[PDB]
Amino acid sequence: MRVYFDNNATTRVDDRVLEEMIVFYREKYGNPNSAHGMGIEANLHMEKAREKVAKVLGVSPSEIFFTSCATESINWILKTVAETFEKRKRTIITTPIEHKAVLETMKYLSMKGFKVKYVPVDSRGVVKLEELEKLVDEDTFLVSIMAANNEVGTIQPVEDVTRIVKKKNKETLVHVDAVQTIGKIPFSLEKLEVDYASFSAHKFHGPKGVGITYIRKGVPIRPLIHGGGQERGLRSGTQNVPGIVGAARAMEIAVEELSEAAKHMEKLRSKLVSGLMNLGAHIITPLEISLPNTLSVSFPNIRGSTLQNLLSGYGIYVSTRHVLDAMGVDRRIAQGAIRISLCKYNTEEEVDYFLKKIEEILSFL
Amino acid sequence: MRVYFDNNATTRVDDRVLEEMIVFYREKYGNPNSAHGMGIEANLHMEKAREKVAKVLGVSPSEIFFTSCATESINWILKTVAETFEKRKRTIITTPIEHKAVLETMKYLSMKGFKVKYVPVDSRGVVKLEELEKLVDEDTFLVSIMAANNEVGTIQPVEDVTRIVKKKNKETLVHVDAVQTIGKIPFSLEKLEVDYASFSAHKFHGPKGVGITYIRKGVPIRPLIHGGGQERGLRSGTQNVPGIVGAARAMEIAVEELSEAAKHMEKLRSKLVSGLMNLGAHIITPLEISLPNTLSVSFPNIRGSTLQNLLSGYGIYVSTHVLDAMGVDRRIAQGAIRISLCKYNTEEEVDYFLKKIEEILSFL
Ligand SMILES: *Cc1c(COP(=O)(O)O)cnc(C)c1O
Ligand SMILES: *Cc1c(COP(=O)(O)O)cnc(C)c1O
């Protein structure tokens, strides 16, 4: 049996999404910027996708931008916003549990002369709100937080972070890496009061090669990619129409089936939690404040990679750092840590299979 | 019938290409950076794609990088190469007929304090070699030239350009926007001696959302996209595996059938040229030094947009600074439409095009 439990790394495209995408590869393949009939037709569907994404997120179509991935969206926002504040402001705040897309960009901005401060997180991986309040100063133009951690699944208090940041400095902008939200926990930007947000379609059964960016009307931004003038002149290059259409459909389906999908994942996760603890596993993920499909565990007596390799040999796929370290997790636990991440298509039969095979693997070791 | 003559704007994905892509959406959907079996499988196919592209272009697999589009590649190269020369060198040279991906990036680098020089082109759209030799100096760290113009089709003397540039300053790097080459004219980087080149899969029956970048082993480059470490740490973000696999297969097919395709397109283009000239059309495209599929024509006293609009109504798709750089008269420019064929266009479509465009000219 093939058991894919690494959905936080990427997901299989939904059959409904793929079907819609094929139309744009085979029939409506026009360039959305062309003034002719096939061009206007492509542009129509691209705009319909943008509107569908805006509706799901609760924002205006004009605030939705398409990129090649969330990593691009993140580089774009962090780097161009910084660029608009050069000579004026110099302080940026984020957390040490952010994805490398954010961290490596912050590392780059540091080299360029910016001051990046890191708000620590507690042992459950939740940002320390009291330390955040202190770190935010008048020279702070941007705060970048994630809606949920990809490795351990810890959900962050975005609303409190936004409220606390605005009270300490009304002008500070907030960016939310919202990649792990869609289809796992509810996420609307309608009343969230953030300025920028990043999403990746392949994390919610959408295709790879497509990122989604929310940029609040009027906030700072410049092009990371200059050229033909696509995306209101802010991100040039021919738009990945098939991808954009699939991604929008994927987002809509993910949010529409959220309630049922979340209950189901939460249920499969509880079966995994108990079955693994009974085999000697330490649970790293804080179950009460985490994505319902995510479960980071550890068998301290075994290297995570060794466990990962053996599971893969049995047709079971899981994944295997800077996050656990920031959480104060013991090095021995971190060394044997593996991440199990479900999707709406995972079943109880796969969980039973996973528990049975992992027990065998463990007895041989 | 439906006649798509706007292949230089984008093309329909080859059925053979799409068939391969579908496998990566449905079955082999692992993250190529994942350490497990599905990750290894995706990484494997992604590396095969890289090798297939390297083989086609005559370079090493380690010199091939995948992006989201040629525009991203162009931004990546121009912006980060310039970044490495900050406070050292400050002059960049390009032409006025370059695609906006290049011109807009130059406009940005100019605003950032770099000195951008523009080598003029002749009335046929060919870069003036004498002026190039003159403009390149010791402060010139990079020269960006296109292999062929997308609007009028003019093929540029890339070898001469590189040769002239190296003799004047052996340290100057050369980037070639090679987007309009693949599947239209032969293009190998094996003995070309350039440092960077950009390609766009959707211009050769590959998917949209995929760019191919050639970076000579050892030349300057920094990440435009920082993050997880993908593409040798030079371009992060989860790689578009289905697209990469599709783009490589498309490139392989395009080049493998270039000989037959280019002759077929040239035959179709000549029939179009004669038919259009026998209707009063001025031919803006230099037939002697241009892509075999491209034809920029203009009817006196008829706006290109109007002509394009009517052609579209008849199920015929064509498109409407390059002309300004070539010295083309305003009136002729305003009437310009661009016809661009692909290997799948037919003689039947050309006849239909000629018959309907005449009918249209009578109503206008
Ligand atoms: C996957 C992920 C990213 C990066 O997505 P790419 O699609 O690879 O660009 C960024 N942030 C988080 C939280 C992620 O899970
Ligand atoms: C189409 C084109 C580009 C841009 O390609 P995108 O895929 O839209 O990034 C760049 N240069 C030339 C010559 C082109 O024809």
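Chain identifiers are assigned alphabetically (A, B, ...) following the order of the sequence lines, protein sequences preceding nucleic acid strands; residue numbering begins at 1 within each chain. Side chains are part of it too, since the values below use all heavy atoms of this structure and drop only hydrogens, waters and symmetry mates.
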Structural part of [X] lying under 4.5 Å from a heavy atom of chain B:
{"X": "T11(A)", "answer": "backbone"}
{"X": "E98(A)", "answer": "neither"}
{"X": "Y25(A)", "answer": "both"}
{"X": "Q239(A)", "answer": "backbone"}
{"X": "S34(A)", "answer": "side chain"}
{"X": "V318(A)", "answer": "backbone"}
{"X": "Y4(A)", "answer": "side chain"}
{"X": "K112(A)", "answer": "side chain"}
{"X": "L224(A)", "answer": "both"}
{"X": "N31(A)", "answer": "both"}

Are [X] and [Y] linked by a side-chain donor-acceptor pair shorter than 3.5 Å?
{"X": "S68(B)", "Y": "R235(A)", "result": "yes"}
{"X": "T67(B)", "Y": "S73(B)", "result": "yes"}
{"X": "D177(B)", "Y": "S144(B)", "result": "no"}
{"X": "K79(B)", "Y": "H226(A)", "result": "yes"}
{"X": "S319(B)", "Y": "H36(A)", "result": "no"}

For residues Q180(B) and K203(B), determine if any side-chain heavy atom of one lies less than 4.5 Å from a side-chain heavy atom of the other.
-> yes
Tell me, for [X] versus chain A, whether the close heavy atoms (under 4.5 Å) come from the side chain, the backbone, both or neither.
{"X": "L18(B)", "value": "side chain"}
{"X": "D15(B)", "value": "side chain"}
{"X": "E72(B)", "value": "both"}
{"X": "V210(B)", "value": "neither"}
{"X": "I244(B)", "value": "neither"}

salt_bridge(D14(A), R249(A)) N-O dist < 4.0 Å = no
Before accepting this row, confirm whether a basic side-chain N of the pair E20(B)/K28(B) lies closer than 4.0 Å to the acidic partner's carboxylate O.
-> no
side-chain contact (heavy atoms from CB on, under 4.5 Å) between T71(A) and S236(B), worked out = CA-CA 7 Å; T71(A) 296; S236(B) 292; 4.0 Å; yes
Could you point out which residue of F354(A), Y353(A), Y314(A), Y345(A) forms a ring-ring contact (aromatic ring centres under 6.0 Å, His included) with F5(A)?
-> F354(A)
Mark yes or no for whether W76(B), through its side chain, and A70(B), through its backbone, hold a donor-acceptor pair below 3.5 Å.
-> no
Any sub-3.5 Å donor-acceptor pair from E231(B)'s side-chain atoms to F66(B)'s backbone N or O?
-> yes
Can the ring centres of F199(B) and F204(B) be said to be less than 6.0 Å apart?
-> no
What residues of residues 334-341 of chain A sit under 4.5 Å from chain B when you count only heavy atoms?
-> none
So which of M38(A), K100(A), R2(A), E104(A) has the largest heavy-atom pair count under 4.5 angstrom toward chain B?
-> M38(A)
Look at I40(B), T320(B), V318(B) and state which one has the largest set of heavy-atom pairs under 4.5 Å with chain A.
-> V318(B)
